[PDB]
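Residues per chain, in single letters:
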Amino acid sequence: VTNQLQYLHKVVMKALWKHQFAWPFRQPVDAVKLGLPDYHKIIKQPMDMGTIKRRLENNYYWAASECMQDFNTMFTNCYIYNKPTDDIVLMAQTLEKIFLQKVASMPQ
Amino acid sequence: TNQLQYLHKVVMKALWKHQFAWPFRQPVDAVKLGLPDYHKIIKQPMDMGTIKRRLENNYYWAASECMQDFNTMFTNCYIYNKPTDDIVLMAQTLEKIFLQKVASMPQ
Ligand SMILES: Cn1c(=O)c2[nH]cnc2n(C)c1=O
Ligand SMILES: Cn1c(=O)c2[nH]cnc2n(C)c1=O
Ligand SMILES: Cn1c(=O)c2[nH]cnc2n(C)c1=O
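Chain B is annotated in the PDB entry as Bromodomain-containing protein 2 of Homo sapiens. Its PDB title, taken directly from the record, is "crystal structure of BRD2-BD1 in complex with purine derivative".

Chain A has the name Bromodomain-containing protein 2 in the PDB entry, where Homo sapiens is given as its organism.

The partner chain A presents 23 residues to the 22 residues of chain B that form the contact. Together chain B and chain A conceal approximately 2,000 Å² of surface at their shared face, both sides included; 63% is due to carbon and sulfur atoms. In this structure, the connection of chain B to chain A is made through 0 salt bridges. Listed by contribution, the elements that provide at least two residues to the side of chain B that touches chain A are α4 (63-80) and α5 (86-103) of chain B. Partitioned by chemical class, the residues of the side of chain B that touches chain A number 11 nonpolar, 9 polar and 2 charged.

The next point concerns the nonpolar core. With 74 residues, the main nonpolar core has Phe-71 and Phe-99 of chain A together with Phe-70 of chain B as its most contacted residues. Going through the elements one at a time, α1 (3-17), α3 (49-57), α4 (64-81) and α5 (87-103) of chain A together with α1 (2-16), α3 (48-56), α4 and α5 of chain B are the ones with two or more residues in this core.

All names here are of chain B. Remark: α4 packs on α5, axes separated minimally by 9 Å, with the N-to-C direction vectors making an angle of 160°. With respect to their mutual orientation, α4 and α5 come out roughly antiparallel. The crossing of α4 and α5 is left-handed. Listed contacts from α5 to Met-67, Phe-70, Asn-71, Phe-74, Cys-77 and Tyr-78 of α4 are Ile-87, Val-88, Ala-91, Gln-92, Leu-94, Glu-95, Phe-98 and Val-102.

All names here are of chain B. In the UniProt entry, the feature "binding site: a protein" is given for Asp-37, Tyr-80, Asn-81, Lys-82, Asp-85 and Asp-86. Take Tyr-80: it is sitting in helix α4. When sequence neighbours within four positions are dropped, the list of residues in contact with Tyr-80 reads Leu-35, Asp-37, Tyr-38, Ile-41 and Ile-42. In terms of polar contacts, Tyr-80 uses its side chain to reach the side chain of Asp-37, at 2.7 Å. Positionally, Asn-81 belongs in the loop between α4 and α5. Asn-81 gets classed as buried once you look at its relative accessible area, which sits at 18%. Contacts of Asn-81, omitting those with residues within four sequence positions, involve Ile-87 and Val-88. A polar contact of 2.9 Å, which involves the side chain of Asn-81, links it to the backbone oxygen of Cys-77.

Residue and element names in this part refer to chain A. Evaluated as defined, the whole model comprises 3 salt bridges over all chains. A salt bridge links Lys-53 to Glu-57, with the shortest nitrogen-to-oxygen separation between them at 3.3 Å. One end of the pair is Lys-53 and the other is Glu-57, both in helix α3 and 4 residues apart, which spans about a single turn. A relative accessible area of 41% means that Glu-57 is categorised as partly exposed. The salt bridge partner of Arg-55 is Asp-70, with a shortest N-O separation of 3.1 Å. Of this pair, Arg-55 sits in helix α3 while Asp-70 sits in helix α4, placing them 15 residues apart in sequence. The two residues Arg-55 and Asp-70 agree in class, both being buried.

The next thing to look at is unusual backbone geometry. Excluding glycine, residues mostly have negative phi values, and the peptide bonds linking residues are mostly trans. For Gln-108 of chain A, which is not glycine, the phi torsion reads 80° and is therefore positive. Take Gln-108 of chain A: its relative accessible area is 60%, and that puts it in the exposed class.

Rules and cut-offs
Position numbers follow the written sequence of each chain, starting from 1, instead of the entry's numbering, which may differ; residues with no coordinates are not represented. As they are written, the chains are lettered A onward and the ligands numbered 1 onward, keeping that order. The basis for every side-chain value is the complete set of non-hydrogen atoms in the structure, without hydrogens or water. Residues with missing side-chain atoms are left out of burial classes, side-chain pairs and their counts. Note on contacts: a residue pair qualifies if any of its non-hydrogen atoms lie within 4.5 Å across the two residues. Buried area is understood as the total, over both parts, of accessible area removed when two parts are fitted together, assessed with a 1.4 Å probe. Any carboxyl oxygen of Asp or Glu within 4 Å of a side-chain nitrogen of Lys or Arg constitutes a salt bridge here. Strands here mean DSSP runs of E at least two residues long; helices mean DSSP runs of H or I at least four residues long; both are numbered from the N terminus. The nonpolar class holds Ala, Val, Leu, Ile, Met, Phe, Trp, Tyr, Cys and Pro. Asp, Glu, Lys and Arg form the charged class, and all remaining residues, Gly among them, are polar. Put simply, buried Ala, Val, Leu, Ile, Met, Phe, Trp, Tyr and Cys residues joined by side-chain atoms within 4.5 Å make one nonpolar core. Relative accessible area decides the class of each residue, using a 1.4 Å probe on protein chains only: under 20% of the type maximum gives buried, over 50% gives exposed, and in between gives partly exposed. To get an axis, a line is fitted to the C-alpha atoms, and for a helix only the part in contact is used. The angle between two axes follows their N-to-C directions and goes from 0 to 180 degrees. Working definition: roughly parallel below 35 degrees, roughly antiparallel above 145 degrees, roughly perpendicular at 65 to 115 degrees, and oblique for all remaining angles. Left-handed describes a crossing in which the near helix is turned anticlockwise from the far one by less than a right angle; the clockwise case is right-handed. UniProt positions are given in the numbering used here, feature names are shortened, and annotations may be inferred rather than shown by experiment. We define a polar contact as two N or O atoms separated by no more than 3.5 Å, with the added condition that, inside protein, one atom must be a possible hydrogen donor and the other a possible acceptor, whereas residues neighbouring each other in sequence contribute only through side-chain atom pairs.

Laid out in structure tokens, this is it:
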């Protein structure tokens, strides 16, 4: 458990997971339930904050770069898949700015 | 700032010289590039040239202001372009380097 991963769990995940915009990212996209049949045709590496939260919990990551990449993949999937006007894009944009801000003060 | 000098001289140099960085070294010219819808979809254009000038003339107050400009540039690319466009892959490749370099910023 590196200091950075610790920071990513205690500071970054703590901040993002409890956020009023977090709820659509707390679990993988359910393409059936959300009625997005082309989702897994366009997004080939799905990611979400539940997966990351669990991986930070089970010390799945060897580096912070890895956990950072997963956050980035989750936000990037949303910007790529969704129409520019979808509310979820601006929800992801809001979360991703918190993530960046926090990451600006991560150790090492 | 020590962090802004790291963004200038470690992160931005790595990104600037990358073989995929050429579309991002200067603002999108919607006219020359044939994209008249570009500014109706992208309301905050951003590019590494602007970020570079801004680091040179001391525009930024904090690292995170500059990291937010990098992100806006990448996010603009994902939002405007179709998922199949090569520029999407180019941006992600550049974005991962940025995330990797930022992890090692002086705290
Ligand atoms: C958990 N959650 C919320 O917190 C929320 N707020 C508004 N819609 C919401 N939906 C659809 C939801 O699932
Ligand atoms: C991440 N994500 C999306 O990318 C998306 N697109 C449409 N609904 C969506 N929902 C609810 C979602 O969670
Ligand atoms: C950033 N950017 C784009 O987002 C884009 N979309 C299509 N060509 C593009 N070019 C040349 C570009 O520089």
